[PDB]
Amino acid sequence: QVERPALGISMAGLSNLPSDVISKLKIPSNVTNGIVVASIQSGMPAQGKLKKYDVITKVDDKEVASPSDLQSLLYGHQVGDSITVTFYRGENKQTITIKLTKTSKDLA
C-alpha cells in the first residue's frame, strides 16, 4: 500500500544484531529491545528528527522491538497524523514528535 505514511528510515532489530554491532551504538546495557535506525532518506519526515544509530524503543508510547512492530503502528495511521517516538541516542533517552507528511508513492 503506497498511500501508507512513510518515515524514510531503514531499520534493524536489536535482537538480530551481533554483540559487536550493538556495542558501537553506545546505548545503556539495559536497552535490549528496540529498532536501530540504519539510514534516513533526505526530505522524508524522519530527517532532522531521528538520526542514524538512534535506537527506537517506543512509538505512540507502545514498546517496539522489530521493524514489523514499528510498521504495524505507522501503518495504523493516515497521512497528516503525528507520532511520538522514544529512542536512545547513545545514552540519552529522548522523545520526539514526527508529523507524517509523506506517503511511499514516490519510493520503489
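Residue positions are given as counts along the sequence shown, with the first one as 1.
Between 41-49 and 22-30, which has the higher average C-alpha B-factor in the PDB entry? Of 22-30 and 41-49, the stretch with the higher C-alpha B-factor average is 41-49.
Taking the recorded C-alpha temperature factors, which stretch has the higher mean, 81-89 or 6-14? It is 6-14 that shows the higher mean C-alpha B-factor.
Could you look up the Cα B-factor of residue 64 in the entry and say which third of the chain it sits in: lowest, middle or highest? Bottom third by C-alpha B-factor.
Mind checking which third residue 70 falls in for C-alpha B-factor across the chain? Middle third by C-alpha B-factor.
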